């Protein structure tokens, strides 16, 4: 990659001539040349060429591809300052966050709308179900009802998702519950639970945990009734830290015993006093996994009144030989928030200051096991967790010693084993589409060019497209409207919402130049206007400019369809999702197999 200039890749359906104008302004101010290209298949080309250390400085695509690029080490982390972050909408920054890092600049929000010819169809349809009849009426007059790209599953997905189709199931319960039981003959507690570790490229690695805790001291402890600890964890990194490390934020609350009405009728351990405020924490772990010896040190603080832990861990021996997420559980349940009515069940604090021994065995399914023994106690003002870990029977090339686990915890934000492409709602929607074809209301071979030319020539009354398409319709002089997509079985069509984003190649020697361009030239009112005037971007990420665009009814329609849809995940598994659904739609549409069979195939490919 040549130093001292910028090469930018953007898709050929976007305003690349307008983006080139912004490049020319950058060159007028700086002397630096900005070359804008639109290669074919750039979303497949980029990971190929970047993996060898080549390609553009800056890559534009919808946000859904960027997680995969990021997981493959192809994107530089961006760290705009807070003054710049405040210029863009938070919804858009969320779309470019990946396992704790911002991995691109967001540009604009894209959602499909129904685009209609007001001369042919002054009142467009509310439902998919009425389209066959409208088509029959229009065909009698030499026109058709609807043409849109049937080759890319982006454009059929709104109908597939309408009555219940989905890619990956969003985890609505992000806390993980660990059930605590009294262990009377150890005068302590025990627990067993499992952790899910997403594997890169798909699949889940299970870690079955078995735990026993015993007081160090001879003083009385609290032995609890059955209950649980509900834990949420967030793993991140410190941009200024050069060693191998993990930043961890956790929140933990006890639950599972409801107060009875008898307790209202006519209606704390000494160790608990040590946890009324912020307590410093130190963690030290000496480990040996298949003979690979390592040490970890951690420091931070706990606040049991919130159930909150904030810690940074460092591998003090160089590269950690196992993945960080596999050590989270091993690396202080005394910081749990127990509700007042449950505090007689808090073994962990009752054992302080002398502390407890915490022992586990952790079995990684179809791989090795960890055995851990820890002393958790106060040393002065500080709560210290000192751990010995021994790992055996691991595969040197397996998910743990081969570092094949995603950097997230307990499955992350989507259940990548729960795919919705072959459920009743997906089948109903694709069956409707295939029926449209069977009944000669659409043609299986229609693609983007064919549909755009028919709509822009006034041959078809409707199309389905994004904001980028509007300028060619303008040139055509068709009198058009942009509106809400039709309903299916009374439910909104649910387009997958994209955020056009600009990522920086990890191998670029022009990372600062790229940030200067993106922050001070593109992501300005004048920069966005220049692209927008070429091909409309949609609902832009820059607040100041979006305030001008919201008076356009086409933007209002875009937003209404975005609201009814769902933001695309940016998880690495999205690439497999889209490949599978593409094949399923093309095959079902051309009659190659039935709808049921094709969606079942898709589902098997993805999982």
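Positions refer to the first chain, counted from 1.
Problem set entry | Extent of unmodelled deposited sequence, residue 268 relative to residue 267 | The entry leaves 4 to 9 residues without coordinates here.
Problem set entry | Deposited residues omitted from coordinates between residue 530 and residue 531, as a class | Missing residues, residue 530 to residue 531: none.
Exercise. Higher mean Cα B-factor in the deposited model: 232 to 240 or 519 to 527?
Worked result: Taking the mean B-factor of the alpha carbons in each, 232 to 240 is higher.
For this session: Averaging only over Cα atoms, indicate whether 540 to 548 or 576 to 584 has the higher B-factor in the PDB entry.
Result: Mean B over CA atoms: larger for 576 to 584.
For this session: Pick out which of 110, 272, 534, 86 has the highest C-alpha B-factor in the PDB entry.
Result: It is 272.
Exercise. Which of these, 260, 202, 481, 153, has its C-alpha atom at the highest B-factor, as the entry lists it?
Worked result: It is 202.
Exercise. Of the three thirds of its chain by CA temperature factor, lowest, middle or highest, which one includes residue 561?
Worked result: Answer is lowest: the recorded C-alpha B-factor places it there.
For this session: Report the third (lowest, middle or highest) to which the CA temperature factor of residue 212 belongs, ranking only the modelled residues of the same chain.
Result: CA B-factor rank for residue 212: lowest third.
Exercise. Is the Cα B-factor recorded for residue 32 in the lowest, middle or highest third of its chain?
Worked result: Middle third - that is where residue 32 ends up once the chain's C-alpha B-factors are sorted.
Exercise. Sorting the chain's CA B-factors, does residue 61 end up in the lowest, middle or highest third?
Worked result: Lowest third - that is where residue 61 ends up once the chain's C-alpha B-factors are sorted.
Problem set entry | Chain third (lowest, middle, highest) by recorded CA B-factor, residue given as residue 294 | Highest third.
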